[PDB]
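FYI, it's all coordinate maths here, none of it is from the lab. No Cβ is skipped: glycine too gets one built from the backbone with ideal geometry, and neighbour counts run over all protein chains shown.
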Amino acid sequence: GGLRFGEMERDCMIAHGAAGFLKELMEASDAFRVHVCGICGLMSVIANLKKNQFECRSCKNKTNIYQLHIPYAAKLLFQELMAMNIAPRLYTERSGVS
Amino acid sequence: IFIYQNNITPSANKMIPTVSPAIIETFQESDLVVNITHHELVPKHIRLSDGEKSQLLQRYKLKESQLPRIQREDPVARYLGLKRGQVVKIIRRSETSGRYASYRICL
Amino acid sequence: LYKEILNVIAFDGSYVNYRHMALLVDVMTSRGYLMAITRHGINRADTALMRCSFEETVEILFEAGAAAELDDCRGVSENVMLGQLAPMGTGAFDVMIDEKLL
Amino acid sequence: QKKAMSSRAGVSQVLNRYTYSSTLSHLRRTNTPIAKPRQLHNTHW
Amino acid sequence: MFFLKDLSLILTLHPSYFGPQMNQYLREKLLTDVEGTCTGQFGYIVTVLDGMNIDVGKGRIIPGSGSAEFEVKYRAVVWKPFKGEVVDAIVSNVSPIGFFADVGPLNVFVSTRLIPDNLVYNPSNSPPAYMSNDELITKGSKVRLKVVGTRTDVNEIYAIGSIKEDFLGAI
Amino acid sequence: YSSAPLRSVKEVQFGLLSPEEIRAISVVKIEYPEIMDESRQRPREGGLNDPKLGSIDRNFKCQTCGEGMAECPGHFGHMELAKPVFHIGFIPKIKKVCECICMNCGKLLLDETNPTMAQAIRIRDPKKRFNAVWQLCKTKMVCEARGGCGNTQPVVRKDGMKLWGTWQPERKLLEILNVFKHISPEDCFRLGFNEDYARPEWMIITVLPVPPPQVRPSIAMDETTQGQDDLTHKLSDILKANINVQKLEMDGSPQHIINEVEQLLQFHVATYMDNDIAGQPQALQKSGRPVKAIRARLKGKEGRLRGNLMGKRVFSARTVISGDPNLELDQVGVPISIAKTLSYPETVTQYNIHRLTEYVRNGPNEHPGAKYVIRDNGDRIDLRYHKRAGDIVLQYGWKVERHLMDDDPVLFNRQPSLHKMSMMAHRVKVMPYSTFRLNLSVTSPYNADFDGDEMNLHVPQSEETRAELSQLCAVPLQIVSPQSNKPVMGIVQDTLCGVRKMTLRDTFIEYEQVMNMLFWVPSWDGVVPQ
Amino acid sequence: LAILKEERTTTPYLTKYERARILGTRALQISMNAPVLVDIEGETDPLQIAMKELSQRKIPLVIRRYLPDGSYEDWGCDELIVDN
Amino acid sequence: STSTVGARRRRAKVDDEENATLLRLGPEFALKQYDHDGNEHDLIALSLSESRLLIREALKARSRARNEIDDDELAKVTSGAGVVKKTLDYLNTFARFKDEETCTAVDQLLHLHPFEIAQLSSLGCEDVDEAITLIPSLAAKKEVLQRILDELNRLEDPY
Amino acid sequence: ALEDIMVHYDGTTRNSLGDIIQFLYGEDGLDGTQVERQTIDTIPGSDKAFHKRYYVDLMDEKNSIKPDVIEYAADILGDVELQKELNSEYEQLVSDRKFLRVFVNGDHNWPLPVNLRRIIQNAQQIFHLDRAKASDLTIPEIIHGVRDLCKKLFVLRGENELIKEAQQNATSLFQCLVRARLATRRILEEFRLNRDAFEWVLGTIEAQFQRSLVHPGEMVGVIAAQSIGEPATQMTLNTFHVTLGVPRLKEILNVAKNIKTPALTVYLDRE
Ligand SMILES: [Zn+2]
Ligand SMILES: [Zn+2]
Ligand SMILES: [Zn+2]
């Protein structure tokens, strides 16, 4: 195994203003490349990584697609929420402004 | 500004907001025996023209809601007779700088 | 509120600098009254992913997909949950190469 | 067993064998299902 | 039909190219990635207007590696055929199933089934042509066609059309 | 590499799956309730898990979108329920909604016409609106005729997983969905809803979204032994409770003995998502096992949110501390063993190529060595196997994973971590013997002693990560603690106790020693004081 | 949005976090085989190289400081006084 | 890629009707597109020849700061070094004018929804029965247009 | 409860909503690390002993700077124009004395950025000053010089007034400490500062200060959050040896409607 970096350890780094290092939850653990849809912000996309073919029928797309880097625990958080029927849409651009 | 001794009737006061623009307030007697502002802990407040206000906001880049609030039924708020939308500059002593200047909008 | 908290630290010989207690005192106070540092307080302001990371975790999401909430992702939490650098000191800004000066 | 976990775990353990005085101790042990009880009462003498 | 749409593009740039005349390299790379592209979404990107004052804006530095991300905002001249649209180009090829025409960066094809009947496909003629009770069409000849349908493709948008209506055909 | 542009989430939109969408997205018709065995033959029946969903056994297979296990996030499938069901956690709202809307018609029970309603209707707050509203409409039960048909509205109550009411005259509301569908659009919005992302009706499920393998992985005991996840069951329990239902609605359907079988599906679907409710019936799995409901996997602490996201296990090591009086304040002796285990990705550069090509030849078993070389071609060479082990001549741009070396900034800590100082960056000093050797004066910050106490160590990985560790977390920067505007590390035990003695007027030292003493001060100017 | 080089209000000094991260970035930048604008007077560890690049204020970089409202203030590493 | 100045939020939900000379151009070409400076601006109709100029002009102030025949040359210098050549020959073997004025004139005149104001300019036309036919979006947007149609061939630069 | 609280580039302490929790962190915008327990002289002592310290009277045989301190002691005795800048000053210090009696306790020891007691002790031996031969400062040199200083001890920077007010506001307390140690009388009779020394002490107070200011970025909330909870882990659950300590803090953070010990202290009336 690997030693946990639990909450309290988080806190401290945040106190240090050690922004990047803390961000570095990703590099030392989860991390994962998921493919979202530019429209229904989901992890649907059928990304056959070679022939580039991307798609996401049902939303019938092959053109507007994004790739993101999130902790697999989180990718899972979402798949989970969905199977419980809640929809965690992931959007790459703020539209609501402020 | 009516000063009811013990209490006004529920039939009565239900006729206050019935004469705008003008506005009316109600103060119990036993609650004005001692001026509350006079208290040690009570720091000095102050009203603000819709000019001095529309200034604070520009000067700090505030969206009104982002400003510390104060209750309409707040002891001091009543004393100076505030209204929903008015601002108040508080100026108290500070063991760190001497005097700090805070502001509370009245929700 | 301050005086009382201070006298609770100070009744133990320990010393803390004003600014600290004050900040707490102030946070509880500012929204208008006495917002308690409890599930029935700060965790109930206009601050979904966030509040979801403390106590009512699931229902907080349910009634979030229910009313179709939109989350800024301005909360320290959101970003940790996402795996992105959070707007925290070091990340509270951007860094760009000036071609002109380069 | 059954859909009855509404029991108590602890009764019957794995006898210590680190040292002799370890084993003795283990057998002469008492439990108590859950600031005043933890106290060393007089009656305890 | 030709338009002037205000687009933008993102280019990541390796730190190597962080010289004094960088603005320059982005720009020239911009061109290598835009002028000549083709999306059914935006059509045929053919030319970037007002080069000189291209907009680069400050670019941000990607965290992992070192590259900088620039959102170049320009404006260019594009062209994307619509259905029902009417234009005319030079006939390019011609078989038994019809003939293909060329309107600008495009190639629209006309079916022997989308022409006026009395115009049959010529057998052994050079170069292979079409004969009418009076007209004759071959490579060279200019035709004015109507674009019935449009199929978006790779880095090229082709379409189809007919000259069965009126005021269409040779000129 | 993925050609698709890389972006970061700047916004999250919540809502509820519209049945038509789940259908759209599904890649599996999911009709069968078993797993695979083509009659004992191992594969994956086109029935359950992988009737095109994700996959097991290290087989790219997965609808040719290959990728095999790692790279392929899961793939959702669905399942057409025989009859509409209540979404276990919304059953509350589904009910408060009806309490606010009329049936047989489907419109609000208070229009702009009612004054107290105008107010509620102006309350801008998707939640407090639907709050104030219900506090009104839960009283009036006469669909007053504006809209028409004053049919008296029933008083609804909660009994297990069913909503029933009285007009008495008691009836068990099945019907609901229909009424909701009819509810007006400006009305969805009147209550706490959103016509695009979540319409009141979708609080009832028609077609059930079936989550894929990575979600409910199977754990086989080698090959010829079962091993299936918890959820991969209450999916099947549901599936089965669906099958029988339908096979009672296309055959001698004893119309009042079906409902007795509908309530079952309503339940298994309540289960699947939530299995910790009011109307007891824990719903235990053969053995007594409670059966973790999806929502159980999330409950704060241990559960995904607070257990896997706000904090995860993470280039780290931990052992027993014992202080060393010959280590600069900021150092931290690391057991060779550990340094030979923790690496550091240093890109090849014409300043360090020479040294790196040496460290690499050195192999993963010599201390000042390395253990992995990664070429531009996103692939890794294992310095302890690769037939070209001692071969390799690097290429600028390649990265090499070397053994931690002296003077590598690293995060050293001792929890409980309740200080900014419970974690500090130290200079690395590889030393022998199995223990982290820290300086005494840096004792009280972590608050450790050597009676067995252990310490966690983390290793930065980026060029900046390191810098961030040395420019703000270096032990020296920490000497003056902001919490009490005074230092927070002094001279403890022996050094203190003795420094006292040595000071007294009675304490005198002669040349022989006054010399060996000056020698021990490293900065010594090289001048013996008169 | 924007904000002229004029009417700029923020500190003319560099926040510990700014410096820390600047040196951070520029450091890995250099280790990414980037180009340096000083005299590696025999130096070889990027963070050193960058520390120098700082003292001679030749690090082409700009800090876009954000205000709670959303606007910003750009400052060059050359400008920003580096007390600390 | 390369996205335009029309960033809508495609939230999950398949609503792109057919494209026809019913003046229903893609959503990316609505009579109201948005300017780079964050302003509102009318689409940009570009009939042939008029197109031939915008092009020739940029390829030139380009081969400036960079330092059938008279255009094939300016190309193999400022061009990536094929689509344009074609769009230039064609746009030059069909362009209906020559002087930046003769082109100004057509526009100072004609200026209908952008697509038309252009088609009318790049397409030869005599009768209204004809224009209204090859530009089926008109029909009721201008009584039998005939004058104008003449005024074109009257300024129809010689070749 | 404070996670998202961090000083902002304008010097506002806000959160993930921009909601201003404090307009100037700590009511001064100073980083606790750079602060030490100083003693505001002015406040303590008798009106008698006060005057004999900061009072200077060029129009008086007994209350004037002996020409053994200044280098123009005799050529200065009696100047009306100077005795006025000397009034502005002495009249100030008195405004202070009465303004500090903020601390109705009289306790003159408080945490304040820039340690002036030492900063001067550094001049002390950097230029080696003798408790004998006179200084060389115009009375304008001193007085005028300390005013020019106050001008550069900038915390907030804004162009307008509301800001410029905040400036003066969140500073004051310091300035008083500043005057207290830079009154002509002390600066010449107590720590014989040369013209040189003074220009140095000044320049440093200024510099030091600017470093002692808080940095925008400082994740303030998590800081104070811990700073408070930490010295709590070190207390006993016991309320022995009024409800206090551990359980009390609890009581408070909960905003309890019925504390164990309510109690209430009332003081007599003035007389
Ligand atoms: Zn979609
Ligand atoms: Zn797949
Ligand atoms: Zn009705």
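Find the Rg to Rh ratio for chain E, where Rh is the Kirkwood radius over alpha-carbon pairs and Rg uses the same atoms.
Details: Rg = 22.1 Å, Rh = 18.8 Å.
Reported Rg/Rh (Cα atoms, Kirkwood Rh): 1.18.
Converting the Cα gyration tensor eigenvalues of region C:14-67 into ellipsoid dimensions via √(5λ) gives semi-axes, longest first, of 29, 12, 8 Å. Any idea what angle helix B:50-60 forms with the longest principal axis of chain B, computed on alpha-carbon atoms, 0 to 90 degrees, nearest 10? Approximately 40 degrees, to the nearest ten. Of interest is the spacing of the C-alpha centroids, which for region F:458-530 and region A:1-52 amounts to 41 Å. Normalising by residue count, the protein assembly as shown has a Cα convex hull of 345 Å³ per residue. Report the FRET efficiency, 1/(1 + (r/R0)^6), for H:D89 and F:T319, where r is their Cβ-Cβ distance and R0 is 60 Å, rounded to 0.05. For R0 = 60 Å, the calculated efficiency reads 0.20. The count of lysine pairs in region E:1-82 with alpha-carbon distances below 19 Å, taking only pairs 8 or more places apart or on different chains, stands at 5.
Put simply, the amide H of F:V430, placed in the peptide plane, has neighbours under 5 Å in F:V334, F:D406, leaving out anything fewer than 5 places away on its chain.
Here the label points at F:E328 and I:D75, each 7 Å from Cα along the C-beta direction, are separated by 5.6 nm in the simple model.
For C:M96, the residues 5 or more places off, or on other chains, whose built amide H falls under 5 Å of its own are G:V62, G:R64.
DSSP beta bridges in the protein assembly as shown, what fraction antiparallel, as a percent rounded to 5?
Once the DSSP bridges in the protein assembly as shown are tallied, antiparallel ones form about 90 percent.
Taking the C-alpha atoms only, the angle from helix E:22-33 to the longest principal axis of chain E is near 30 degrees. Taking GluC sites (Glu not before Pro) across region F:440-529, the ones in a DSSP loop with at most 10 further Cβ atoms lying within 10 angstrom of their Cβ are F:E510. Counting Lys and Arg as +1 and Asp and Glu as -1, what is the net charge of the other residues whose Cβ lies under 10 Å from the Cβ of B:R104? Local charge sum for B:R104: +1.
If you filter region G:34-84 for trypsin sites (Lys or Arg not before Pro), then keep DSSP loop positions with at most 15 other Cβ within 10 Å, what is left?
Counting only loop positions with at most 15 other Cβ atoms within 10 Å, the trypsin sites (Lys or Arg not before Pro) in region G:34-84 are G:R57, G:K58.
Rounded to two decimals, the Cα radius of gyration of region H:31-99 over 2.2 N^0.38 Å is 1.30. Spatially, region F:318-361 and region I:120-196 are offset by 51 Å when compared through their Cα centroids. Summary of the geometry: region B:30-107 and region I:25-99, compared by the centres of their Cα atoms, lie 36 Å apart. Across region I:110-118, coupling constants 3J(HN,Hα) worked out from phi with the 6.51/-1.76/1.60 Karplus curve, θ = phi - 60°, read 8, x, 9, x, 6, 7, 6, 4, 6 Hz, and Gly and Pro carry x. Here's how it looks for F:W398: its modeled amide H is under 5 Å from those of F:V348, which are all 5 or more places away or on a different chain. For chain F, the spread of Cα coordinates along the three principal axes comes to 112, 63, 48 Å, biggest extent given first. Estimated from the Cβ-Cβ distance and a Förster radius of 35 angstrom, the FRET efficiency linking F:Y396 and C:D94 is about 0.75. Applying the Karplus relation 6.51 cos²θ - 1.76 cosθ + 1.60 with θ = phi - 60° to region F:50-64 yields 3J(HN,Hα) values of 5, x, 1, 5, x, 8, 10, 6, 6, 10, 2, 2, 3, 6, 6 Hz, where x marks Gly and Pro.
Here r is the Cβ-Cβ distance between H:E151 and A:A31 and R0 is 60 Å; the resulting FRET efficiency, rounded to 0.05, is 0.30.
Each principal axis of the Cα atoms in chain C has its own extent, and those three values, largest first, are 56, 49, 24 angstrom.
Let me check I have the definition right: for chain B, take the eigenvalues of the Cα gyration tensor, multiply each by 5, take square roots. What are those semi-axes in whole Å, largest first?
30, 20, 9
Adding -39500 (n - 2.57) for every DSSP H run of four residues or longer, then dividing by how many residues chain A holds, sets the calculated 222 nm ellipticity at -8000 deg cm²/dmol. Each of F:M161, F:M421 has some number of other Cβ atoms within 10 Å of its Cβ, and from fewest to most they run F:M161, F:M421. Over the residues of chain I, the helix contribution to mean residue ellipticity at 222 nm works out to -13000 deg cm²/dmol, using -39500 (n - 2.57) for each DSSP H run of at least 4.
Only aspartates and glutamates eight or more places from H:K60 in sequence, or on another chain, were considered; those with a Cα closer than 17 Å are E:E28, E:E35, E:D50, H:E50, H:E68, H:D70, H:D71, H:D72, H:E73, H:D89, H:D99, H:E100.
Where a ≥ b ≥ c are the square roots of the eigenvalues of the C-alpha gyration tensor, would you call region F:1-93 rounded, which needs a/c under 1.5, or, failing that, prolate if a/b is larger than b/c, or oblate? Note, shape of region F:1-93 comes out oblate. Candidate cross-link partners of F:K95 among the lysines, defined by an alpha-carbon separation under 21 Å and a same-chain spacing of 8 or more, comprise F:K83, F:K107, F:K127, F:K128, F:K138, F:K140, F:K158, F:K162, F:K172, F:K181. Rounded to the nearest Hz, the phi-derived 3J(HN,Hα) couplings of region I:247-263 under the Karplus curve 6.51 cos²θ - 1.76 cosθ + 1.60 (θ = phi - 60°) are x, 5, 3, 3, 2, 5, 3, 7, 6, 5, 8, 8, 5, 4, 9, x, 6, where x marks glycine and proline. Using the alpha-carbon atoms, what tilt in degrees (0 to 90, nearest 10) does helix G:46-55 show relative to the longest principal axis of chain G? Between helix and principal axis, roughly 60 degrees. No disulfide-compatible partner, judged by a Cβ distance under 4.7 Å, exists for the following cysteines of chain F: F:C62, F:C65, F:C72, F:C98, F:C105, F:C149, F:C188, F:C473, F:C497. This model, with +1 at the C-beta of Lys and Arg and -1 at the C-beta of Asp and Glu, gives chain I a dipole about its Cα centre of some 900 debye.
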